[PDB]
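A lone chain, given as structure tokens: the form deposited in one PDB entry.
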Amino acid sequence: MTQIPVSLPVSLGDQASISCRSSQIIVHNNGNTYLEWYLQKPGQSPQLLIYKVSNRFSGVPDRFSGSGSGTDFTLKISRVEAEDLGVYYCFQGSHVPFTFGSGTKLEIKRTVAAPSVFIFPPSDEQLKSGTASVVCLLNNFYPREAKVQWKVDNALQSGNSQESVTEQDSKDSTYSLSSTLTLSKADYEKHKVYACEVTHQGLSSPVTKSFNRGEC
């Protein structure tokens, strides 16, 4: 079964449509087809939106509608809202094999927002343990695309950092990212200047947040 699209970046007030296509004629109007749609919001269990191709589950807003014809079943969202973000999944439960769709990530387009970057140097407790993790935090920005590069004594770091990004914020449709450069107290001690240079669409010029080891 195919689920299109994979990512659906949409604006508020806009209309959206998600589709699932089987290889078999699954839809049987007048009969009884168990074609369903689920929504899973960030860090939440999946929830039932529509069942039997077009019935809405209690609580689900009338903005949601579903229809289908033979090989295809679709979910239509008229007028997208902020709390509609998440992954959508169709479930085909009439024809064995009962399959779930690969999911569609609904992203809300918004105006560009520059990130505020903060740098956190390693704590003594960690230093005491033998490693030094320096964190760079890009907070509340849009779009998700950003480039964080570590500089140690003006030298570009490679392969020793990791990024993590939150899902989109329902309140303001922004993202947050986190880059952690991990080293051994030894190597950490061997350098002074620790810089974090970020490049995002909202910033005309790349921002560099750095610090001097210990005696700043």
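Note that residue numbering begins at 1 and tracks the sequence as displayed. We call the rigid core whatever largest set of C-alpha positions still superposes within 1.5 Å between the two forms. Shifts are known only where both forms have a C-alpha.
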Residue range whose averaged C-alpha B-factor is higher in the record, 100-108 or 77-85
77-85
Segment of higher mean CA temperature factor, 151-159 or 49-57:
151-159
Per the PDB entry, which option out of 24, 199, 11, 19 has the greatest Cα B factor?
199
Based on the deposited C-alpha B factors for this chain, I'd like to know if residue 216 is in the lowest, middle or highest third.
highest
So where's residue 92 on the chain's Cα temperature factor ranking, which third?
lowest
Among all modelled residues of this chain, ranked by Cα B factor, put residue 130 in the bottom, middle or top third, i.e. lowest, middle or highest.
highest
Split the chain's modelled residues into thirds by Cα B-factor; is residue 29 in the lowest, middle or highest one?
highest
What third of its chain, lowest, middle or highest, does the C-alpha temperature factor of residue 3 fall into?
lowest
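Just so you know, the form deposited in another entry exists too; it's not on screen, but the next bit is about it.
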With the core superposed, find the residue in 63, 41, 28, 52 that moves its CA 2 Å or more between this form and the one not shown.
28
Quick one: in the other form, is the Cα gap between residue 27 and residue 94 smaller or bigger than here? Answer closer or farther; it shifts by 3 Å or more.
closer
Per the comparison in the other form, the residue 29 and residue 74 C-alpha atoms (change 3 Å or more) are positioned farther
Listed in sequence order, the shifted stretches between this form and the one not shown (at least 3 consecutive residues, every Cα moved by 2 Å or more, rigid core superposed) come to 27-31, 95-97
